[PDB]
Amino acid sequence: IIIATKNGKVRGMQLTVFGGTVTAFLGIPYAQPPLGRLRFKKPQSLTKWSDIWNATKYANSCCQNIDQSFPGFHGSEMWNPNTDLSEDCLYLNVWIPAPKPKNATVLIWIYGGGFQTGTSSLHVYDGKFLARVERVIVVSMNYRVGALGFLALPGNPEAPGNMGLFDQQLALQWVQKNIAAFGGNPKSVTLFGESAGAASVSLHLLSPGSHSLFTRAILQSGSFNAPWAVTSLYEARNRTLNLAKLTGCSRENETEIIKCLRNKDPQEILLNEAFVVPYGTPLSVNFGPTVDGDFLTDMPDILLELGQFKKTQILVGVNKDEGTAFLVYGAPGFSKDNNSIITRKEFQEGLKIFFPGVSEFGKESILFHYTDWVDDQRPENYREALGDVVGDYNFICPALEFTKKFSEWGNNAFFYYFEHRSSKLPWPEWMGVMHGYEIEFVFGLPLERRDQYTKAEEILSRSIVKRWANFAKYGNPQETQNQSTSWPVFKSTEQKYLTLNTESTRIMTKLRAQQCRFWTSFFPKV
């Protein structure tokens, strides 16, 4: 029940899972609380304690603005924090199998939320099923988000940027120093995340200071090269200065600005965070990762292209309808409560919402490539095209480009295309296989037979859980016992990928080849 860590004893709690037991340690602190003069700084290491820390409930989530677009609707509120918001939020969770393992592989989850939101205590990130079913140890941490985690005066140590990434890193360090006392193997750690968590995982592959802190990596619906994932140093500075203007903290001495922002209440910072972008999008990342010369020594496109990353195996994938969720957060004619048949004019309006800084020719070129169809009279033509535009540009084509570039340096990569819509999905049918709704299958919630998932969904989750655990333990995401389809390595020539669904997994080639030729070759020129 009690485990001695290098900073003090911690007490866990026993959970009953599927007729067995998991030991959960919820809310272990891993840094000094970043309060007062510590706000906006890199996380500081933690002073030893003498008593028994009680890790028996999720800790505070980090300060963040909540989605209030659909009050009372589980489809959006299931992503909102479920613990008190607080700056005192640098805590992590550990699920270990019972009986205690001897040298268990470790899975470390990094949640998404656009680097502005998210928390490890969400129900769909409960690691007790993975620890129980596959006997891995599951670790998850809270890391600072928004301005509090990513405000950047690049080069200034009072606000250097990338603080939430350093929070994540300090938790990986905690696993290296402490997980053996929990029965874990520090030499067998796989990071996984979804995104912004996936984008975070891909940047740990790029950061030399994280290379010794993990073994393998899983990227669900995200990578750093996605257009929403990294802020240029230019916007980063202009966004810091805008927040100072909005808070009345405009000073000349850039350090006096940060001091002024340290005496503001978190709410004042949070409510001003929204309007710092001039023209935002539903996918806007207001304060995100930047090139800081510390965590990220150069522009990450350059690092990827020139092979400057940890050589290891990766598992990468995307969902069939990544873009649809975002259409009801601003695109005209769209609504979760009707079938969202939009016209050509509404589609053109929609592009202006998702490509605010792009020229007319750039938007016309998107329209040209996505509006040549079979039957012109199909009324959902424009509705589906906009979803595909948003999904291809923001998720599928960057993930494929990341995987191609990464595998070109000799490493084994595995790519999946998730295409099962959960039977319990509270969002409407036109949105299909949405962004975020593979997570519950990865974490094995449909293994709980009391949860109104179908039988085929329990099977699919069981297969996915085994593949993910085999990738983490062995670098190879196979399900070897129940004669599953073999998952081939993704090569830059053949570009084979595996489809995940309840009616036969299939090997396919060259996902969205024609669309991604537009987004990766043409569109960055505009």
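Under this definition, the rigid core comprises the largest set of C-alpha atoms superposing within 1.5 Å between the forms. The first residue of the shown sequence is 1; numbering continues from there.
Chemist: Relative to this form, superposed by the core, which stretch has the greater CA RMS in 9 other deposited structures of this protein: 276-284 or 443-451?
Modeler: Once the core is superposed, the stretch further away in 9 other deposited structures of this protein is 276-284.
Chemist: Can you check if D88 is missing its coordinates in at least one third of the other PDB entries compared, counting only those that model the residues either side of it?
Modeler: Negative; every one of those entries includes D88.
Chemist: Taking the other PDB entries of this protein that cover both neighbours, check whether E77 lacks coordinates in at least a third of them.
Modeler: No.
Chemist: What stretch has the higher average Cα B-factor here, 304-312 or 250-258?
Modeler: Of 250-258 and 304-312, the stretch with the higher C-alpha B-factor average is 250-258.
Chemist: Averaging the C-alpha B factors as listed in the entry, name the stretch that ends up higher: 112-120 or 154-162.
Modeler: Taking the mean B-factor of the alpha carbons in each, 154-162 is higher.
Chemist: Which of these, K48, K466, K496, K473, has its C-alpha atom at the highest B-factor, as the entry lists it?
Modeler: Largest recorded C-alpha B-factor: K48.
Chemist: Specify which of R344, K320, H204, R216 carries the largest Cα B factor in the deposited PDB entry.
Modeler: The C-alpha B-factor peaks, among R344, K320, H204, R216, at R344.
Chemist: What third of its chain, lowest, middle or highest, does the C-alpha temperature factor of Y279 fall into?
Modeler: Highest third, going by the recorded CA B-factors of the chain.
Chemist: How does the C-alpha B factor of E380 compare with the rest of the chain: lowest, middle or highest third?
Modeler: As the PDB entry reports it, the C-alpha B-factor of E380 lands in the highest third of its chain.
Chemist: Using the temperature factors of the C-alpha atoms in this entry, rank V106 within its chain: lowest, middle or highest third.
Modeler: It belongs to the lowest third of the chain when residues are ordered by C-alpha B-factor.
Chemist: Among the modelled residues of this chain, does the Cα B factor of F361 put it in the lowest, middle or highest third?
Modeler: Its C-alpha B-factor belongs to the highest third of this chain's values.
Chemist: Ranking every modelled residue in this chain by its Cα temperature factor as given in the entry, which third contains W95?
Modeler: Its C-alpha B-factor, which the entry lists for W95, ranks in the middle third among residues of this chain.
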